[PDB]
Amino acid sequence: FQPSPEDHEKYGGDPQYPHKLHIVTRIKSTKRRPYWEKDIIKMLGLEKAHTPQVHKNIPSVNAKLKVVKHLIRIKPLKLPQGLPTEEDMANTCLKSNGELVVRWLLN
Amino acid sequence: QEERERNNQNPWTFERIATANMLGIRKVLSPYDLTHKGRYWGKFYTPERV
Amino acid sequence: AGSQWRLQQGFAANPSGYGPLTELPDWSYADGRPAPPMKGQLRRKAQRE
Amino acid sequence: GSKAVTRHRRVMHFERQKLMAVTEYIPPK
Amino acid sequence: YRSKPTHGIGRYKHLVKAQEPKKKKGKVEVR
Amino acid sequence: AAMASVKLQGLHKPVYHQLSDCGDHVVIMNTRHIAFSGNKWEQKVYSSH
Amino acid sequence: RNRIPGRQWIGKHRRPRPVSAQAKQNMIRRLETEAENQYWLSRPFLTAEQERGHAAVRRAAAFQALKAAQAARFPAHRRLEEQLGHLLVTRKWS
RNA sequence: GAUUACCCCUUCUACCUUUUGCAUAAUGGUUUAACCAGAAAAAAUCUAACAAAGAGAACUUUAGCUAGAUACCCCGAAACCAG
RNA sequence: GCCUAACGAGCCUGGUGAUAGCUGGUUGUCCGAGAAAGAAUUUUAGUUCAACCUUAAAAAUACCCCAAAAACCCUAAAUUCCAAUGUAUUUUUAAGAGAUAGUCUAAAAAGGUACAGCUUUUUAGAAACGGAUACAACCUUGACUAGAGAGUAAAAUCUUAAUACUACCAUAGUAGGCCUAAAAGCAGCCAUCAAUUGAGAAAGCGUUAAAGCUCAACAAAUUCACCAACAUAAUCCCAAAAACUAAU
RNA sequence: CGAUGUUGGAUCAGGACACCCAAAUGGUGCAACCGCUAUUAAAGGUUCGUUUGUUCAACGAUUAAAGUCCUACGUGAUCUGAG
Ligand SMILES: [K+]
Ligand SMILES: [K+]
Ligand SMILES: [K+]
Ligand SMILES: [K+]
Ligand SMILES: [K+]
Ligand SMILES: [K+]
Ligand SMILES: [K+]
Ligand SMILES: [K+]
Ligand SMILES: [Mg+2]
Ligand SMILES: [Mg+2]
Ligand SMILES: [Mg+2]
Ligand SMILES: [Mg+2]
Ligand SMILES: [Mg+2]
Ligand SMILES: [Mg+2]
Ligand SMILES: [Mg+2]
Ligand SMILES: [Mg+2]
Ligand SMILES: [Mg+2]
Ligand SMILES: [Mg+2]
Ligand SMILES: [Mg+2]
Ligand SMILES: [Mg+2]
Ligand SMILES: [Mg+2]
Ligand SMILES: [Mg+2]
Ligand SMILES: [Mg+2]
Ligand SMILES: [Mg+2]
Ligand SMILES: [Mg+2]
Ligand SMILES: [Mg+2]
Ligand SMILES: [Mg+2]
Ligand SMILES: [Mg+2]
Ligand SMILES: [Mg+2]
Ligand SMILES: [Mg+2]
Ligand SMILES: [Mg+2]
Ligand SMILES: [Mg+2]
Ligand SMILES: [Mg+2]
Ligand SMILES: [Mg+2]
Ligand SMILES: [Mg+2]
Ligand SMILES: [Mg+2]
Ligand SMILES: [Mg+2]
Ligand SMILES: [Mg+2]
Ligand SMILES: [Mg+2]
Ligand SMILES: [Mg+2]
Ligand SMILES: [Mg+2]
Ligand SMILES: [Mg+2]
Ligand SMILES: [Mg+2]
Ligand SMILES: [Mg+2]
Ligand SMILES: [Mg+2]
Ligand SMILES: [Mg+2]
C-alpha cells in the first residue's frame, strides 16, 4: 500500500492532502467466497450491489476494506459546492463521476 | 532470467497478483505458490514463465 | 448500450439514473395545474436526503 | 482427487489457467 | 513463540556440550 | 453462403418474423469457378452414409 | 469417436477447454479496478492514534436505543370496543 | 410464448417414492366412480375465575390454585401356543 | 418320502388388530424461519445426549478486533487472545422435534500404482430458470408480482504445426622409440620434436600388416547456417463456414 | 438384487488394422530359388477331421492363407445344456 510518485498523477489523487470520505460500491457477489468476507460485506452496508455507500477514511474502516478490496469499487467523494447545509438537504444528488451536487435541477 | 524479468512489459505478474491477494486468487492458489512465483507446478519447472 | 461513454461525460451509466428523462413529471393536467407527484420520485428523493 | 505432485502435468483449475495466461511475458518491441 | 521478536531467548542446548551419556551397552573409551 | 443465407430467411426485411412466410429467391451463377481459400480443396471432406 | 473418459470436468483427465481472448480482457479489467482500489486505501486522513474513541457517544446511544426498543416487547392493550364490536354482526334494519 | 391462421416457428430431460446424485434403461400406477391412513393433556405456553389462598369434600400451596384450548397413523411377514 | 393339487412337517378356528430398527402409502390454499453427523452403544439400516436450528421470553453485550502476549534443537500458510471502529448481534430462561447412511472442486497430508468418478481427517466453497454446445459440485448471481422499458456480469472456434550446406588441396626426416608373428599417423606403452610460405609422430575410414580414401594446415574465397522432426480401434466424419470497411 | 439369464458350439455375421493370403515398393550379411525386415492398401477370402463340455493345446491330411481383436469376452422373446 505504498503509492508510487506516478500513482497520484494517474488516478488524480492529491500528493499532499488525502481525501476525507469514501464512496464504496459492491461489484461481485459474496457467494463462492469464504464466510469472513460475507460478514465484512454485511457490516459495511454493502448488502445490495451497485448502491453507493459513504464511509470514513479512518484506518479502522480501511482495515476492513482491505479484506474485501477485490469485491468493491472505491472512489473519492468530491464536493464542488462544499458540505450541504440544512436548507439544501432535499436537493442533493450524487453524480456517477464521484461528486455531490448540492443544488440539483433548480427551478 | 533476470534481464527477461527486469524488461518485462506486462504490468501484471504472478508475483504481484499472488502476494497482494488480487481478485481473491488465494482461494485457487496453493500456499507454496507465494514462494514459487508461478514458475513451479507440481514437480514440473518451466523456465520461460516470468 | 454505450455505458462507458455516458460515464465519461458525467451522466449515469443507465439512462434511468437521475437524468432529466426521469426526474421531470411525465404528465400534467391540460389546464395547467400540477399533477400529483410520482410514488417513485418521492421515494428517490427520500434516500438522497 | 490426485496428490499435490503427479507425473502427468496436473491440469490446473480454470481460474488458475486464466491467471497463467494473463501473467505471460511480453518481450519489448 | 515463533512470530514474537523474543523467540529463542531460552536457547541453552547450544551452550553446553551434548554430553553423551555412558550407555550400558555403548560404554567405551572412544578416543 | 453468408449473404445468400440472409436473403433466403428474409433477415434483410424490417418486417421479418419466423412465423411469416417472408422469403426471397436467390440466383447464383458461375458456381464452377468458386475459389476455396487455402488448401481446403484437398483437406476438407464431405462424408455421407 | 473420441470420448472424454468419465465426467468431462472432474478427475485426472478433463476437457482441454482453453482460455479465450475475451476471458483475458475480463481479468485485466478487474485487475485495473483493484489496482485503483488499493491506492485510495493507501493514505488515510487520520492516523491510528487520532481516531481513538472519536465517535463513541453515537455508538453508545445506538446500543442504548437497541436495548430500549427490545425491552418494550409486551402484549398490546385490550379495549372494550374490540369486544363490544362483535355485537354488530347481527345489525338489522329493524 | 403466441399468431390474421389447427399445425409449420421459438422455448422446455413426465409425475411420486428412494437417494450423495434419478428423463434415467431404479420403484409404483390402463383409466373412472365409491371407500381407505395422527389418537392420549404429567411438565409447559395462550385466555379467564378467584387470589395467600384455590377447588361443588378426600388435594395442591414461599403467587399460587381451578377450568378451557393446544398431542403422539395405515397395510404386510416366515413363525409360536392351545383346541 | 407320503398323510386331499405348497409337508425340513397338514389344514381350520381361536390367542390375533401376533411383532417387525425392514419396504410401500399418508388426502385443502397461502405465508415465516430453516439442519450433512462430535460422544457411547450385540452399536454403526437404530436410538439417547452435545453442537446447530425453530417458537416464546428476559437481559446486556456480540462480530470485526491495533499494540502487548503464548517453548525449549530447525521449521510455511497462518490461529488463539484483545481496545478502537464498522455494524446489530449475542447470551440466558421456558418448550421442542429432525438429523446423526455425503458428493465434488481448490488447499495441507496419509494408504495406493507420486492409479481411480478410490479411501481416511482438517480449513474453505457450491448444489441458476444465465454461461462452460448437453452437464448435481467449476464461473457470473441479495431467487417477490405485473410491463410489448433500460444498463451490465460469467462468457462463443486454442496455439505452433520449423532443420539444404556444395570449394580447392595434400609433399620431409620417419617402419619415431617401444611393443608384437607382423604394429609403416591409425592394439597398447612412451614421447609428441622437426623440412617446406604451407600440413597434427595424427581427426575418421580402411589393411593380417602395408597401400589407399577423407578431415585439419597452403592458397583461392567470403549471403546465412546453436537448436527446435514422435504410430493406431473397433455402428457413421461431425454445426455450417470465414486470414481485414475501423472493437476497452 | 419388486431379476442386466451365466461357458462352449449351430445359424447370421457388423466393424477396426497393430495384415495371414491376394496387389505395389524400399533395405539386406538380397546372384537365382527359398528367406529375414520395413513402408502403403481392409473390396473379397481365411479348410476338413481323432481326443477333451471345452475356448486353448497336441496330432493326421490339405490350402494362395487357415490373421490378431472388438461387438453385454455379438447373437438362448432363434436353437443346443455336454460343462
Ligand atoms: K474424467
Ligand atoms: K429394478
Ligand atoms: K427399492
Ligand atoms: K411409489
Ligand atoms: K438396526
Ligand atoms: K600402432
Ligand atoms: K441383479
Ligand atoms: K475382413
Ligand atoms: Mg482433493
Ligand atoms: Mg461420461
Ligand atoms: Mg478444465
Ligand atoms: Mg438431470
Ligand atoms: Mg446408490
Ligand atoms: Mg436423507
Ligand atoms: Mg421408470
Ligand atoms: Mg428397489
Ligand atoms: Mg409397471
Ligand atoms: Mg397439564
Ligand atoms: Mg416362545
Ligand atoms: Mg400346535
Ligand atoms: Mg396340502
Ligand atoms: Mg404392524
Ligand atoms: Mg455417520
Ligand atoms: Mg438435541
Ligand atoms: Mg495482535
Ligand atoms: Mg471485544
Ligand atoms: Mg445412521
Ligand atoms: Mg465423502
Ligand atoms: Mg470420493
Ligand atoms: Mg464410497
Ligand atoms: Mg465442509
Ligand atoms: Mg445452460
Ligand atoms: Mg432482486
Ligand atoms: Mg583441407
Ligand atoms: Mg505401424
Ligand atoms: Mg455435420
Ligand atoms: Mg422392473
Ligand atoms: Mg460363433
Ligand atoms: Mg465380417
Ligand atoms: Mg498399415
Ligand atoms: Mg502378399
Ligand atoms: Mg455371450
Ligand atoms: Mg450362448
Ligand atoms: Mg426358448
Ligand atoms: Mg436375446
Ligand atoms: Mg448336465
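Residues numbered from 1 in each chain as written, not as in the entry; some residues may be left out. Chains lettered and ligands numbered in written order. Part of a larger assembly, values for the part shown. Heavy atoms only, no water. Residues with missing side-chain atoms left out of burial classes, pairs and counts.

- The record lists cryo-EM as the method behind this PDB entry and 3.6 Å as its resolution.

### Some details on the side chain of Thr 92 of chain A
Inference 1: With respect to the secondary-structure elements, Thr 92 of chain A resides in the loop between β3 (72-76) and β4 (93-94).
Inference 2: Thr 92 of chain A sits in the buried class, given a relative accessible area of 8%.
Inference 3: In terms of polar contacts, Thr 92 of chain A uses its side chain to reach the backbone carbonyl oxygen of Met 89 of chain A, at 3.2 Å.
Inference 4: Side-chain polar atoms of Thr 92 of chain A contact the backbone oxygen of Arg 48 of chain C, separated by 3.4 Å.
Inference 5: Among all residues touching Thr 92 of chain A, those that are not within four sequence positions of it are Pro 84, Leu 100, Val 101 and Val 102 of chain A together with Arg 48 and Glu 49 of chain C. (Helix = DSSP H or I, 4+ residues; strand = E, 2+ residues; numbered from the N terminus. Buried < 20%, exposed > 50% of the residue type's maximum accessible area, 1.4 Å probe, protein only. Polar contact = N/O pair within 3.5 Å; in protein donor to acceptor, adjacent residues only side chain to side chain. Contact = heavy atoms within 4.5 Å.)

### Regarding the arrangement of the chains
Inference 1: Taken together, the 6 pairs of chains in contact show their highest number of contacts between chains A and G.
Inference 2: What separates chain C from chain E at the closest point of their C-alpha atoms is a distance of 48 Å, and the two make no contact.
Inference 3: Separating chain F from chain G is a minimum C-alpha gap of 15 Å, and the two share no contact.

### A short note on the interface of chain B and chain A
Inference 1: Taken together, the contacts link 6 residues of chain B with 4 residues of chain A.
Inference 2: Between chain B and chain A, roughly 390 Å² of surface is buried when both sides are summed, and carbon and sulfur atoms account for 41% of that area.
Inference 3: Between the two partners, chain B and chain A, sit 2 residue pairs in polar contact.
Inference 4: Considering only residue class, the side of chain B that touches chain A consists of 3 nonpolar, 2 polar and 1 charged. (Buried area = accessible area lost by both parts, 1.4 Å probe. Nonpolar A, V, L, I, M, F, W, Y, C, P; charged D, E, K, R; others polar.)

### A look at the interface of chain A and chain G
Inference 1: Counting residues at the interface gives 32 residues for chain A, matched by 21 residues for chain G.
Inference 2: Buried surface at the junction of chain A and chain G, both sides included, amounts to about 2,400 Å², of which 57% is carbon and sulfur.
Inference 3: The interface formed by chain A and chain G holds 2 salt bridges in total.
Inference 4: Between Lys 69 of chain A and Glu 34 of chain G there is a salt bridge, with the nearest N and O atoms lying 2.6 Å from each other.
Inference 5: Seen at the junction of chain A and chain G, the total is 9 residue pairs in polar contact. (Salt bridge = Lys/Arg side-chain N within 4 Å of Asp/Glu carboxyl O.)

### Things to note about the sheet that holds β3 of chain A
Residue and element names in this part refer to chain A.
Inference 1: Strand order in this open sheet of 3 strands is β2-β1-β3, and the pairing throughout is antiparallel. Of all strands in the sheet, those with a lone pairing partner are β2 (53-56) and β3, marking the two edges. Put simply, the sheet's adjacent strands are angled 35° from each other on average, direction ignored.
Inference 2: In this structure, strand β1 (residues 21-26) lies alongside β2, joined through 4 bridges in antiparallel fashion. Bridge assignment links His 22 to a residue of β2, and that residue is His 55. (Pairing = 2+ DSSP bridges. Axes fitted to C-alpha atoms, helices over the stretch in contact; angles between N-to-C directions.)

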